[PDB]
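First the structure, in the form of structure tokens, and then the observations on it.
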Amino acid sequence: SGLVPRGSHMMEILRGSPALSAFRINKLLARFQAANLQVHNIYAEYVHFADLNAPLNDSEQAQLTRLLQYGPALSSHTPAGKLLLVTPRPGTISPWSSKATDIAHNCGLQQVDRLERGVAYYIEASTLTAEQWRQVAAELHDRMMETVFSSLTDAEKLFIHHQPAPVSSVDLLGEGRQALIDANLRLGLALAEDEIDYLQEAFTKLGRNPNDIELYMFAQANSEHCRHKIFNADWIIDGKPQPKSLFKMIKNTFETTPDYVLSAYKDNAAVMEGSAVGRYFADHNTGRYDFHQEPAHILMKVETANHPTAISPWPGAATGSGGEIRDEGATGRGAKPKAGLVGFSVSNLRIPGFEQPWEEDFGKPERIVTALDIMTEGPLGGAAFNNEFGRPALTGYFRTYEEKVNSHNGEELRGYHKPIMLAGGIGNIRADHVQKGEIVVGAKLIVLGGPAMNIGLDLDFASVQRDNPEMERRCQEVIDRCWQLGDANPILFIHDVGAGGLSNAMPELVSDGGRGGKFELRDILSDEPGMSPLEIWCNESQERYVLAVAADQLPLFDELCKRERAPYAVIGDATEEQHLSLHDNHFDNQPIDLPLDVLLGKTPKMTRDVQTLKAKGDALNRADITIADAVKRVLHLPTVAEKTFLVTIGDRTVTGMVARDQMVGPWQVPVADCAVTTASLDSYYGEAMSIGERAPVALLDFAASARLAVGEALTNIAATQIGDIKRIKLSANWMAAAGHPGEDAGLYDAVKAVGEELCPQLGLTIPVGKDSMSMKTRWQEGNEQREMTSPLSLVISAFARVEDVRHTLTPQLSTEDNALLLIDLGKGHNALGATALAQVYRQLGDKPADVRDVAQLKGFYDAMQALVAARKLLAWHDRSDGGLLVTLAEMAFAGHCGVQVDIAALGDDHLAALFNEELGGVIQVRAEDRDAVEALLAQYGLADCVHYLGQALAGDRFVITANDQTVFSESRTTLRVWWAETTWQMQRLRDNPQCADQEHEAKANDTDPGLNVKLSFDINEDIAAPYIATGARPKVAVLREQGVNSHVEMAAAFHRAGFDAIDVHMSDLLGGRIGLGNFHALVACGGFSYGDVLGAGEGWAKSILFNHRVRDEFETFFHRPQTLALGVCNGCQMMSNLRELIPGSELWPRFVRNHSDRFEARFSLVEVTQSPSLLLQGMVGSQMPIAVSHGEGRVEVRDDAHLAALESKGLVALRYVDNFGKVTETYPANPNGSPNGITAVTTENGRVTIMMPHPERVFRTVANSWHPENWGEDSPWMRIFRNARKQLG
Ligand SMILES: Nc1ncnc2c1ncn2[C@@H]1O[C@H](COP(=O)(O)OP(=O)(O)O)[C@@H](O)[C@H]1O
Ligand SMILES: [Mg+2]
Ligand SMILES: [Mg+2]
Ligand SMILES: [Mg+2]
């Protein structure tokens, strides 16, 4: 390896492995050909750069070299052709770097100051000009994050030490107002004239020049983003002063319905009442996991990341989720995220070779990415955060819209060039932590989390975000430790770090407590020593929280952080005086010195004096429309179409509390209308999340669009067992182009429509929300000015306590004798304006849907709740995009059956009856219950809306009649494949196209029987019960490393089998607080230890191997004659890297990147095979589904000799099977490409078993996405843990 001087350090260059699989190489070559770049071949290798602060001895050097060996064993090639090295841009540090460096440090290599990675491309193209070489280089890197170099040694530029930049004053005293004008422009403060006035007067009064940092801080605190001027403005509309702000109209819903609300408008989440259940976690003193019976109340929040996602969509969406997760954990005095939701709105995809007939290219700003790039990289970013942090993503929306329409301001381009990127979720919180505590004078003021870097301050580099989810998981564990101390929780006050960085968050924190603060700049953790005080204080670096703790709790807080490996710094003290001081020990000066009332003082309230514009719609021109062609087009609208590309990329099982995910039934079809989690691992109480949104309707009727968003949230949630509608609480997220003609009045009318009218009438609170007020994009296209302006876009998220998660209905049709009933809350209006139908024929139409009758909407909800509780429904699916046609089609997909329905009672206009998007939906009931159900509906005033349609039938026919006429008839399989083509095409361009194609094609085989089970044992027989009945409970070491996230449910699985589950962190073993000699059983848990950097599980394993003491400890345990060990997912990966310590493991494979090249969150069919594994005794020959959630689960052997030997030794314990029951390598039945379906192996003695899937996530029947109806509480997988208990005796 290379090793050269690098300032006061030395940089080593270490060659890595091949970086690109053959499909990615072929895609690059095909792109060069399409651009007329004659490239003969391309080969890529990873290259690692280690900046060292002191030398490595031979043993250390071998360790570093070994740390940097990871990844799929693709064949090396001797470099040939022109080198183009792609790295992060100078002045940035990749998250890869942060994590790789942490691993080196935890392996004892303190001489490593920083590791960084690039990709060396070797391009053979003898014919190319210097300009064409620049186009080659452009294809190989992301201009917003990366640079291209011509030498490996050029990477020294990434590690240049810069001296701290000093504070700069702005010379108000020496130049007058012009100094502020100049600084406003130079620093991009975006200050209004009255803010310049305010600043001039404040600093004139103080008799000194403002520092840049003080002006920047002020400017971020007074931005529209941060201060919500529009939502607090006075209004005049059509010449009449209005009596309430938009914010006051939202709060009206709380004044009317305070019921069940614990916290609203006083934190960065709302809180509502949950249920008393067993909160499961490890005691501070014992380290033992136990149930704590108490209220688990429910917090909720929804954020957006719309501007950053237009610029750099991966980190935009990633930090959209990451920032919202911090909002959750900083609720109260600390709380715990539980599940997420995700939303996207973008312009037309225009997928190459799959262009749809409504799509027209209208151009876009050069500086933003395309709609397709947002939907490619954005979902991956959001999922990278949710997967690596560890929260399941269980509901969402995805809308495409881009059209030239005759809307409120006449004919113009309306769409989402600036996208909606929405991220939200629910969490749980203890009752005594909901209220923020007092900040005592003298409280210590702390930053918990990541380093600062210069983030948030080519073209828009300031909008390129950066995510490190594992850092935030580390912080969440500290927060967890704190709230888990109950009355001894040392957090007095916590707040997330977001917009404005420390410059907003710390002043907010002290101000919220009625205190001031004094801070020391040089106590803040920084990874960029060149940064100015402005950059340090104001940057928008991620994964940070601020909190206040009493001085006497610092030793406790320090112990908590050190055990989790969460960085923290004490950076100031709360003061009685309401002043803000920031001192700098390096420069011996005071960058900030301000009264808080100056700093947080307000310019006057805004007044918006505006006028109504109302579009007259145009009647839908039906010339080119037929029912058959409409069905085909609508199924091809991404808004309607199957969403799998957004769903399987994100974990849906972490925590073991997910009851209802998006995928429904044996055929795992993503049509669930809402998410449901259990409240704990010991209850059937739970929580539900749904979304309603209908932006295109706002192009015709602003208030109708907002009413439908509320209505649809309710219809999506309605077949979940909740009870009182007042239990349902809403987030309202308002996206608008404020100032665009007609939008401001429209916004006011829409907020009034829901806040003053519909939600109070229904009994719905809106206790949380946000606004994003610049939803438009302008650019120069020809000679012409162009603009793309969003509709007003309200997104409602609904959240509710659930009474019994077991009673949730889905769209999965039964074929027992049945009746299908439409509940048409449209009352026969059958509107077609602003529908999917209209959109797919390039039109807006005339009049949209709306809430037609408030009492009947409420009646619908209550009738559904009565039917759910009485168990009278077989299925439910609501009507939304694509109308009744799509509702029925999606039900037939989920039921893998046909329908025979007649629509003669829905009007003479069959098109309008089928494609209107009025509220309501289809219930399925048992035929014998039809009359009673209809009487029930009639009791709620719905008789007029209720219509018998027909029945679900076995087979493949989707038939719509009207008397004796066939209106539409098609193969259900044909429809289901058309509906899949969008996700097919997205998967195909994003992932391994062979996998995309296999997944797509399997949908066309109607004989697929779906997931099905065969059991070799009695699922209900607790073989551990006689042991448990003795009260003797063996310990299990529940092993976790930093970034592990699946340890709680693992503990709970062993607990149910009779173990005392002990939390054992790798820090515990390294510090002597735990020794494995005291245990007879050990389990290595799932997650993303070190973010999987350096190969999943490798940093964890090598941290053990390279500490001789801990290594010996593991080796001793494994060589004992009676010990048992299990490794699941990340723990399986980890243990596969410890073969040298594990007897009988010599034939084990490696686990590497899935063949799909994508994270796979699947509910996959496996079979238990004959092997020595003691943990699978009694289960051989069983077939049943299991939770899969991994990106590096593919079994990789050295050669066929190794595969054959492993197989002949008989050590394979689980294999993927297809639904026909055969061992398979076809995707996604086998989700990762593992040869012979292998996904678990054991040792020769059967005492150690490792597996990729997660039995601990699905030990509870209620947590199985699909399962046989007759199962009880226990799934088949409970047997693994019971086997471990019995084996111990
Ligand atoms: N952006 C997304 N991320 C994750 N899941 C999503 C996303 N968009 C849609 N889904 C899910 O895919 C399924 C279909 O979504 P959609 O047809 O928009 O729902 P609906 O029409 O019931 O409102 C639902 O289970 C939904 O939660
Ligand atoms: Mg839908
Ligand atoms: Mg729905
Ligand atoms: Mg929807």
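How things are named: the first chain in the structure tokens is A, the next is B, and so on; residues count from 1 in each chain; ligands count from 1 in the order shown.
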
Hey, could you make a per-residue contact list for chain A against ligand 1 with 7 Å as the cut-off, showing the nearest pair of atoms and its distance in Å to one decimal, counting only C-alpha atoms and all ligand atoms, sorted by chain and number, as JSON lines?
```
{"residue": "A:341", "atom": "CA", "partner": "ligand 1", "partner_atom_place_in_ligand_line": "4 (C)", "distance": 6.7}
{"residue": "A:342", "atom": "CA", "partner": "ligand 1", "partner_atom_place_in_ligand_line": "3 (N)", "distance": 4.7}
{"residue": "A:343", "atom": "CA", "partner": "ligand 1", "partner_atom_place_in_ligand_line": "1 (N)", "distance": 4.4}
{"residue": "A:344", "atom": "CA", "partner": "ligand 1", "partner_atom_place_in_ligand_line": "1 (N)", "distance": 5.5}
{"residue": "A:393", "atom": "CA", "partner": "ligand 1", "partner_atom_place_in_ligand_line": "4 (C)", "distance": 6.5}
{"residue": "A:394", "atom": "CA", "partner": "ligand 1", "partner_atom_place_in_ligand_line": "5 (N)", "distance": 6.3}
{"residue": "A:395", "atom": "CA", "partner": "ligand 1", "partner_atom_place_in_ligand_line": "27 (O)", "distance": 3.3}
{"residue": "A:396", "atom": "CA", "partner": "ligand 1", "partner_atom_place_in_ligand_line": "7 (C)", "distance": 3.6}
{"residue": "A:397", "atom": "CA", "partner": "ligand 1", "partner_atom_place_in_ligand_line": "8 (N)", "distance": 3.2}
{"residue": "A:398", "atom": "CA", "partner": "ligand 1", "partner_atom_place_in_ligand_line": "8 (N)", "distance": 4.4}
{"residue": "A:639", "atom": "CA", "partner": "ligand 1", "partner_atom_place_in_ligand_line": "18 (O)", "distance": 6.3}
{"residue": "A:640", "atom": "CA", "partner": "ligand 1", "partner_atom_place_in_ligand_line": "17 (O)", "distance": 5.4}
{"residue": "A:641", "atom": "CA", "partner": "ligand 1", "partner_atom_place_in_ligand_line": "17 (O)", "distance": 6.9}
{"residue": "A:642", "atom": "CA", "partner": "ligand 1", "partner_atom_place_in_ligand_line": "14 (C)", "distance": 6.7}
{"residue": "A:643", "atom": "CA", "partner": "ligand 1", "partner_atom_place_in_ligand_line": "12 (O)", "distance": 5.0}
{"residue": "A:646", "atom": "CA", "partner": "ligand 1", "partner_atom_place_in_ligand_line": "3 (N)", "distance": 4.8}
{"residue": "A:647", "atom": "CA", "partner": "ligand 1", "partner_atom_place_in_ligand_line": "4 (C)", "distance": 4.8}
{"residue": "A:662", "atom": "CA", "partner": "ligand 1", "partner_atom_place_in_ligand_line": "25 (O)", "distance": 3.7}
{"residue": "A:663", "atom": "CA", "partner": "ligand 1", "partner_atom_place_in_ligand_line": "25 (O)", "distance": 6.6}
{"residue": "A:670", "atom": "CA", "partner": "ligand 1", "partner_atom_place_in_ligand_line": "13 (C)", "distance": 4.9}
{"residue": "A:671", "atom": "CA", "partner": "ligand 1", "partner_atom_place_in_ligand_line": "13 (C)", "distance": 4.4}
{"residue": "A:672", "atom": "CA", "partner": "ligand 1", "partner_atom_place_in_ligand_line": "25 (O)", "distance": 4.1}
{"residue": "A:673", "atom": "CA", "partner": "ligand 1", "partner_atom_place_in_ligand_line": "22 (O)", "distance": 4.3}
{"residue": "A:674", "atom": "CA", "partner": "ligand 1", "partner_atom_place_in_ligand_line": "27 (O)", "distance": 6.2}
{"residue": "A:691", "atom": "CA", "partner": "ligand 1", "partner_atom_place_in_ligand_line": "23 (O)", "distance": 6.6}
{"residue": "A:692", "atom": "CA", "partner": "ligand 1", "partner_atom_place_in_ligand_line": "23 (O)", "distance": 6.4}
{"residue": "A:716", "atom": "CA", "partner": "ligand 1", "partner_atom_place_in_ligand_line": "22 (O)", "distance": 6.0}
{"residue": "A:878", "atom": "CA", "partner": "ligand 1", "partner_atom_place_in_ligand_line": "22 (O)", "distance": 6.7}
{"residue": "A:880", "atom": "CA", "partner": "ligand 1", "partner_atom_place_in_ligand_line": "21 (O)", "distance": 5.4}
{"residue": "A:881", "atom": "CA", "partner": "ligand 1", "partner_atom_place_in_ligand_line": "21 (O)", "distance": 5.8}
```

Prev. selection, N, CA, C and O atoms, output as a compact mmCIF listing (two decimals), in the first residue's frame:
```txt
# COMPACT_ATOMS: atom_id res chain seq x y z
N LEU A 341 -43.72 7.19 7.98
CA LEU A 341 -44.47 7.32 6.74
C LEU A 341 -43.69 8.21 5.80
O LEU A 341 -42.84 9.02 6.23
N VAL A 342 -43.97 8.07 4.50
CA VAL A 342 -43.19 8.69 3.44
C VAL A 342 -44.05 9.17 2.30
O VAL A 342 -44.90 8.44 1.84
N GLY A 343 -43.85 10.39 1.83
CA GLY A 343 -44.63 10.90 0.72
C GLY A 343 -43.75 11.56 -0.36
O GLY A 343 -42.75 12.20 -0.02
N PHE A 344 -44.15 11.40 -1.61
CA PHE A 344 -43.48 12.14 -2.73
C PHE A 344 -44.54 12.69 -3.66
O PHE A 344 -45.50 11.98 -4.08
N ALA A 393 -41.13 1.67 7.82
CA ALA A 393 -41.83 2.67 7.02
C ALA A 393 -43.07 1.97 6.46
O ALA A 393 -42.97 1.11 5.59
N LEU A 394 -44.24 2.32 6.98
CA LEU A 394 -45.45 1.52 6.83
C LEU A 394 -46.60 2.14 6.09
O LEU A 394 -47.60 1.44 5.81
N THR A 395 -46.50 3.40 5.71
CA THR A 395 -47.57 3.97 4.86
C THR A 395 -47.00 5.15 4.13
O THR A 395 -45.96 5.69 4.50
N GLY A 396 -47.63 5.52 3.03
CA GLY A 396 -47.13 6.63 2.25
C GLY A 396 -47.97 6.94 1.06
O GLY A 396 -49.03 6.29 0.85
N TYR A 397 -47.54 7.91 0.27
CA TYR A 397 -48.19 8.27 -0.99
C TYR A 397 -47.12 8.62 -2.03
O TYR A 397 -46.02 9.01 -1.69
N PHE A 398 -47.51 8.55 -3.31
CA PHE A 398 -46.64 8.98 -4.38
C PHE A 398 -47.51 9.47 -5.55
O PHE A 398 -48.18 8.66 -6.19
N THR A 639 -49.40 7.57 -9.86
CA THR A 639 -50.24 7.84 -8.74
C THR A 639 -51.15 6.67 -8.36
O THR A 639 -51.33 6.37 -7.21
N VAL A 640 -51.65 5.97 -9.36
CA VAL A 640 -52.49 4.83 -9.19
C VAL A 640 -51.72 3.55 -9.02
O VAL A 640 -52.11 2.66 -8.23
N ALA A 641 -50.71 3.42 -9.89
CA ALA A 641 -50.01 2.18 -10.14
C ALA A 641 -49.32 1.55 -8.92
O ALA A 641 -49.00 2.24 -7.90
N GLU A 642 -49.09 0.23 -9.00
CA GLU A 642 -48.40 -0.47 -7.94
C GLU A 642 -47.13 0.23 -7.45
O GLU A 642 -46.33 0.71 -8.25
N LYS A 643 -46.94 0.25 -6.14
CA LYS A 643 -45.91 1.04 -5.44
C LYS A 643 -44.71 0.26 -4.92
O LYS A 643 -43.99 0.75 -4.07
N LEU A 646 -41.19 1.57 -3.88
CA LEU A 646 -41.17 2.44 -2.72
C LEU A 646 -41.34 1.74 -1.39
O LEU A 646 -41.05 2.32 -0.33
N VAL A 647 -41.74 0.48 -1.46
CA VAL A 647 -42.20 -0.30 -0.34
C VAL A 647 -41.15 -1.32 0.10
O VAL A 647 -40.76 -1.38 1.30
N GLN A 662 -47.90 -2.35 4.29
CA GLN A 662 -48.51 -2.03 2.99
C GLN A 662 -48.86 -3.31 2.25
O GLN A 662 -49.82 -3.32 1.49
N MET A 663 -48.01 -4.33 2.34
CA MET A 663 -48.20 -5.57 1.55
C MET A 663 -49.32 -6.39 2.18
O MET A 663 -49.34 -6.61 3.39
N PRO A 670 -49.21 -4.55 -2.55
CA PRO A 670 -49.11 -3.31 -1.71
C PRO A 670 -50.32 -2.40 -1.87
O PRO A 670 -50.25 -1.39 -2.56
N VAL A 671 -51.41 -2.80 -1.24
CA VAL A 671 -52.64 -1.99 -1.26
C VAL A 671 -53.20 -1.68 0.11
O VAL A 671 -54.31 -1.16 0.19
N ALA A 672 -52.49 -1.97 1.18
CA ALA A 672 -53.13 -1.66 2.51
C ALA A 672 -53.42 -0.16 2.58
O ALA A 672 -52.60 0.68 2.20
N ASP A 673 -54.58 0.17 3.12
CA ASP A 673 -55.02 1.55 3.15
C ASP A 673 -54.44 2.32 4.35
O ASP A 673 -54.42 3.55 4.31
N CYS A 674 -53.98 1.63 5.37
CA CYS A 674 -53.32 2.26 6.51
C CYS A 674 -52.38 1.31 7.18
O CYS A 674 -52.37 0.14 6.86
N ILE A 691 -52.94 8.44 5.40
CA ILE A 691 -52.72 9.66 4.68
C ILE A 691 -53.88 9.95 3.71
O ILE A 691 -54.46 9.03 3.08
N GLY A 692 -54.23 11.22 3.61
CA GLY A 692 -55.17 11.67 2.61
C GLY A 692 -54.57 12.87 1.92
O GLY A 692 -53.99 13.74 2.56
N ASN A 716 -59.25 5.86 4.50
CA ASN A 716 -58.09 4.95 4.54
C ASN A 716 -57.94 4.26 5.90
O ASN A 716 -57.40 3.16 5.96
N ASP A 878 -60.99 1.64 0.20
CA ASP A 878 -61.63 2.91 -0.06
C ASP A 878 -61.39 3.33 -1.53
O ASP A 878 -60.55 2.79 -2.23
N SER A 880 -60.30 6.26 -4.11
CA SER A 880 -59.44 7.43 -4.18
C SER A 880 -58.95 7.56 -5.63
O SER A 880 -59.81 7.49 -6.53
N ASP A 881 -57.65 7.74 -5.88
CA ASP A 881 -57.19 7.89 -7.27
C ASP A 881 -57.70 6.69 -8.07
O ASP A 881 -57.54 5.53 -7.64
```

Legend entry - Spatial neighbours of range 296-312 of chain A, max dist 7 Å, only C-alpha atoms, sep filter under 3 positions, as JSON, numbers by chain: {"A": [269, 270, 271, 272, 273, 274, 275, 276, 277, 315, 316, 317, 320, 324, 368, 369, 418, 419, 420, 421, 422, 423, 424, 425, 426, 427, 428, 429, 430, 431, 463, 464, 731, 768, 769, 770]}

List every residue of range 598-677 of chain A that has an atom at most 8 Å from any atom of range 214-231 of chain A, and for each one report the closest atom pair and its distance in Å to one decimal, counting only C-alpha atoms, with rows sorted by chain and then by increasing residue number, as a tab-separated table.
```
residue	atom	partner	partner_atom	distance
A:599	CA	A:218	CA	6.5
A:600	CA	A:221	CA	7.7
A:605	CA	A:229	CA	7.1
A:606	CA	A:229	CA	6.4
```

Could you write out that same residue set with N, CA, C and O atoms as a CSV table (one decimal), in the first residue's frame?
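Okay, result-v1.csv is ready:
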```
chain,number,residue,atom,x,y,z
A,599,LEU,N,-32.3,39.7,20.0
A,599,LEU,CA,-32.1,38.7,19.0
A,599,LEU,C,-33.4,38.1,18.6
A,599,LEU,O,-33.6,37.9,17.4
A,600,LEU,N,-34.3,37.8,19.5
A,600,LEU,CA,-35.6,37.2,19.2
A,600,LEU,C,-36.7,38.2,19.0
A,600,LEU,O,-37.9,37.9,19.0
A,605,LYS,N,-46.0,42.0,12.4
A,605,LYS,CA,-46.9,41.0,11.7
A,605,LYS,C,-47.1,41.4,10.2
A,605,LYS,O,-47.2,42.5,9.9
A,606,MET,N,-47.1,40.4,9.3
A,606,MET,CA,-47.4,40.6,8.0
A,606,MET,C,-49.0,40.8,7.8
A,606,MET,O,-49.8,40.2,8.6
```

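With distances restricted to only C-alpha atoms, A:1275 is the closest residue to residue 1053 in chain A from A:1078, A:1275, A:293, A:843.
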
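Residues in contact with residue 1270 in chain A at 12 Å, where only C-alpha atoms are counted and same-chain residues fewer than 4 positions away are skipped, are listed as residues 1013, 1019, 1020, 1261, 1262, 1266, 1274 and 1275 of chain A.
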
Inset, instruction - Within 7 Å of range 1058-1068 of chain A, counting only C-alpha atoms, which residues show up once you throw out same-chain ones fewer than 5 positions away? Write them as an NGL selection string, please. - result: :A and (282 or 287-289 or 563 or 1028 or 1033-1041 or 1051 or 1073-1074 or 1285)

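Separating CA of residue 538 in chain A from CA of residue 562 in chain A is a distance of 26.8 Å.
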
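One distance worth recording is that between CA of residue 928 in chain A and CA of residue 812 in chain A, which is 19.1 Å.
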
Inset, instruction - Going by DSSP on the backbone, which bits of range 260-403 of chain A are helix (DSSP H, G or I)? Write them as an NGL selection string, please. - result: :A and (306-311 or 313-329 or 371-389)

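Considering only C-alpha atoms and all ligand atoms, the residue among A:264, A:1165, A:637, A:22 positioned nearest to ligand 2 is A:637.
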
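Interatomic distance, CA of residue 185 in chain A against CA of residue 169 in chain A: 15.1 Å.
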
Inset, instruction - Assign secondary structure with DSSP using the backbone only, and return the residues of range 14-46 of chain A in strand (DSSP E) as a VMD selection string. - result: chain A and resid 14 to 18 41 to 46

Inset, instruction - Find the residues around residue 723 in chain A up to 12 Å (only C-alpha atoms counted), leave out those fewer than 5 positions away in its own chain, and share them as a ChimeraX atom specification. - result: /A:717-718,728,800-804,861-870

Those residues with N, CA, C and O atoms, as a PDB file, in the first residue's frame please?
```pdb
ATOM      1  N   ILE A 717     -58.366   4.915   6.972  1.00  0.00           N
ATOM      2  CA  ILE A 717     -58.171   4.398   8.322  1.00  0.00           C
ATOM      3  C   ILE A 717     -59.386   3.625   8.841  1.00  0.00           C
ATOM      4  O   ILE A 717     -59.309   2.973   9.920  1.00  0.00           O
ATOM      5  N   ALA A 718     -60.486   3.748   8.130  1.00  0.00           N
ATOM      6  CA  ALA A 718     -61.778   3.376   8.698  1.00  0.00           C
ATOM      7  C   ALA A 718     -62.019   1.937   9.052  1.00  0.00           C
ATOM      8  O   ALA A 718     -62.883   1.667   9.903  1.00  0.00           O
ATOM      9  N   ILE A 728     -59.013  10.250  16.586  1.00  0.00           N
ATOM     10  CA  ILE A 728     -58.179  10.415  15.366  1.00  0.00           C
ATOM     11  C   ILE A 728     -57.657  11.818  15.360  1.00  0.00           C
ATOM     12  O   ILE A 728     -58.446  12.767  15.425  1.00  0.00           O
ATOM     13  N   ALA A 800     -54.016   7.391  15.202  1.00  0.00           N
ATOM     14  CA  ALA A 800     -55.030   6.974  16.194  1.00  0.00           C
ATOM     15  C   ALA A 800     -54.573   5.847  17.030  1.00  0.00           C
ATOM     16  O   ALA A 800     -53.907   4.896  16.561  1.00  0.00           O
ATOM     17  N   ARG A 801     -54.958   5.910  18.293  1.00  0.00           N
ATOM     18  CA  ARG A 801     -54.902   4.713  19.128  1.00  0.00           C
ATOM     19  C   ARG A 801     -55.837   3.667  18.565  1.00  0.00           C
ATOM     20  O   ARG A 801     -56.964   3.943  18.209  1.00  0.00           O
ATOM     21  N   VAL A 802     -55.397   2.415  18.537  1.00  0.00           N
ATOM     22  CA  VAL A 802     -56.151   1.268  18.073  1.00  0.00           C
ATOM     23  C   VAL A 802     -56.539   0.354  19.253  1.00  0.00           C
ATOM     24  O   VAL A 802     -55.670  -0.008  20.076  1.00  0.00           O
ATOM     25  N   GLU A 803     -57.811   0.000  19.280  1.00  0.00           N
ATOM     26  CA  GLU A 803     -58.411  -0.858  20.328  1.00  0.00           C
ATOM     27  C   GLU A 803     -58.053  -2.364  20.201  1.00  0.00           C
ATOM     28  O   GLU A 803     -57.922  -3.045  21.226  1.00  0.00           O
ATOM     29  N   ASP A 804     -57.901  -2.884  18.957  1.00  0.00           N
ATOM     30  CA  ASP A 804     -57.519  -4.254  18.766  1.00  0.00           C
ATOM     31  C   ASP A 804     -56.946  -4.387  17.354  1.00  0.00           C
ATOM     32  O   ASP A 804     -57.678  -4.366  16.383  1.00  0.00           O
ATOM     33  N   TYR A 861     -67.993   6.735   8.969  1.00  0.00           N
ATOM     34  CA  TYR A 861     -66.938   6.347   9.936  1.00  0.00           C
ATOM     35  C   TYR A 861     -67.522   5.518  11.058  1.00  0.00           C
ATOM     36  O   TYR A 861     -66.989   4.431  11.356  1.00  0.00           O
ATOM     37  N   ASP A 862     -68.629   5.977  11.644  1.00  0.00           N
ATOM     38  CA  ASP A 862     -69.167   5.283  12.813  1.00  0.00           C
ATOM     39  C   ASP A 862     -69.729   3.916  12.428  1.00  0.00           C
ATOM     40  O   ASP A 862     -69.563   2.973  13.157  1.00  0.00           O
ATOM     41  N   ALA A 863     -70.357   3.810  11.248  1.00  0.00           N
ATOM     42  CA  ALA A 863     -70.892   2.550  10.790  1.00  0.00           C
ATOM     43  C   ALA A 863     -69.756   1.552  10.563  1.00  0.00           C
ATOM     44  O   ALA A 863     -69.825   0.404  10.996  1.00  0.00           O
ATOM     45  N   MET A 864     -68.693   2.030   9.925  1.00  0.00           N
ATOM     46  CA  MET A 864     -67.529   1.185   9.754  1.00  0.00           C
ATOM     47  C   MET A 864     -66.964   0.743  11.068  1.00  0.00           C
ATOM     48  O   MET A 864     -66.632  -0.425  11.233  1.00  0.00           O
ATOM     49  N   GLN A 865     -66.885   1.624  12.060  1.00  0.00           N
ATOM     50  CA  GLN A 865     -66.352   1.206  13.353  1.00  0.00           C
ATOM     51  C   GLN A 865     -67.275   0.140  13.980  1.00  0.00           C
ATOM     52  O   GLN A 865     -66.801  -0.840  14.607  1.00  0.00           O
ATOM     53  N   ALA A 866     -68.584   0.290  13.805  1.00  0.00           N
ATOM     54  CA  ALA A 866     -69.496  -0.724  14.325  1.00  0.00           C
ATOM     55  C   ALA A 866     -69.326  -2.081  13.651  1.00  0.00           C
ATOM     56  O   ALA A 866     -69.239  -3.135  14.323  1.00  0.00           O
ATOM     57  N   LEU A 867     -69.183  -2.050  12.335  1.00  0.00           N
ATOM     58  CA  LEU A 867     -68.960  -3.264  11.546  1.00  0.00           C
ATOM     59  C   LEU A 867     -67.627  -3.934  11.850  1.00  0.00           C
ATOM     60  O   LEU A 867     -67.555  -5.170  11.922  1.00  0.00           O
ATOM     61  N   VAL A 868     -66.565  -3.138  12.013  1.00  0.00           N
ATOM     62  CA  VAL A 868     -65.280  -3.673  12.404  1.00  0.00           C
ATOM     63  C   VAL A 868     -65.337  -4.368  13.730  1.00  0.00           C
ATOM     64  O   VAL A 868     -64.837  -5.482  13.916  1.00  0.00           O
ATOM     65  N   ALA A 869     -65.909  -3.684  14.709  1.00  0.00           N
ATOM     66  CA  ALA A 869     -65.951  -4.261  16.090  1.00  0.00           C
ATOM     67  C   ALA A 869     -66.793  -5.515  16.129  1.00  0.00           C
ATOM     68  O   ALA A 869     -66.470  -6.423  16.916  1.00  0.00           O
ATOM     69  N   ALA A 870     -67.848  -5.586  15.328  1.00  0.00           N
ATOM     70  CA  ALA A 870     -68.755  -6.710  15.327  1.00  0.00           C
ATOM     71  C   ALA A 870     -68.258  -7.818  14.384  1.00  0.00           C
ATOM     72  O   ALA A 870     -68.940  -8.826  14.255  1.00  0.00           O
TER      73      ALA A 870
END
```
